[PDB]
Structure formats: structure tokens, C-alpha cells
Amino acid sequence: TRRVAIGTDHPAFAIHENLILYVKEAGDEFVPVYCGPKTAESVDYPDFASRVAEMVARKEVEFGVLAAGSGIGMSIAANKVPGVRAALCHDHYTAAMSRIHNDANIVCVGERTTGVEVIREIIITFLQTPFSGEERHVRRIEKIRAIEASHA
């Protein structure tokens, strides 16, 4: 079982059912855990970025998906949580690379910027693409951890 926590802001609430489906489409082993808003009313993205990011950081779920207007705010807020590597992706290539290079554990998307079929492709690619495990990538990821440690 590979659990995937999902969070959104208000505009992306309209596609939260989409996001749940797209996670399931990546494979039977992928289990969506919806942690976003329950209504379409205005919320603050950092509150939902934080909820999902903490779950990833505490090893409660393997992955996170954050969808908002542009995804920029989501990516900034999520990355403030130690242990999180949150990747704002806009296409298949970035989705794949975020995993291959960065062993990213959260994918961020913009509902106002990226069409839903490309969001679908991003989520499936993100979840299916394995980390390369190559020496230089492992070293660089360790250096990110070291930046975290220096500010804790």
C-alpha cells in the first residue's frame, strides 16, 4: 500500500474528485487520502499545504498531491516542512524528473494554469516514476537535508 495525501485550496476544490481518481489510476497499490477542504468556500493554501506536508514528513503517507491556483504557494509552504521535497510540475517531463532526480515526495499543480488532462498525466507520472538512486542525486538530496538541519 502506497498512501497519497491530497490537499487543495478553494478553486481546486472543483477538481478534488478528479485528483482522487487520478491517484487510483496510477495503480491499485496507490491509495488516496483526501485531506482538502469539504466545501468551495475561501481557504488559505498554507493551512492545507501544512496538513499534507506534515503527513509526508512524519511518514504517515508516502506521497502528497497539492492543487491550487498556480501551485506556487503550495510548493513554497510545503517545502517549509523538514523532510518534504515538493515539486511544482507543469508537464510530464517535470513530473518524471522530480522523481528521477529529486526523489520528490509531494507534487504541486496549478488548476488555473494547467489543464486537467495534463494534471492527470502529471499525477500518474509522478507516482509511477521511481527515484534513480544514483550517487550524485542521493548526495544532492542529503545536501538539502543539511540546509534544513542548519536552520532547525
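So that there is no doubt, residue numbering starts at 1 and follows the sequence shown.
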- Ranked by mean Cα B-factor in the entry, 143-151 and 2-10, top stretch is 143-151
- In the PDB record, does 85-93 or 61-69 carry the higher mean Cα temperature factor? 61-69
- Task: Specify which of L127, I106, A40, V116 carries the largest Cα B factor in the deposited PDB entry.
- Result: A40
- Query: Lowest, middle or highest third: where is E29 by Cα B-factor in its chain?
  - Reply: highest
- Which third of the chain holds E111 when residues are ordered by C-alpha B factor: lowest, middle or highest? middle
- Note on the structure: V52: CA temperature factor from the record, placed by chain third, in the middle
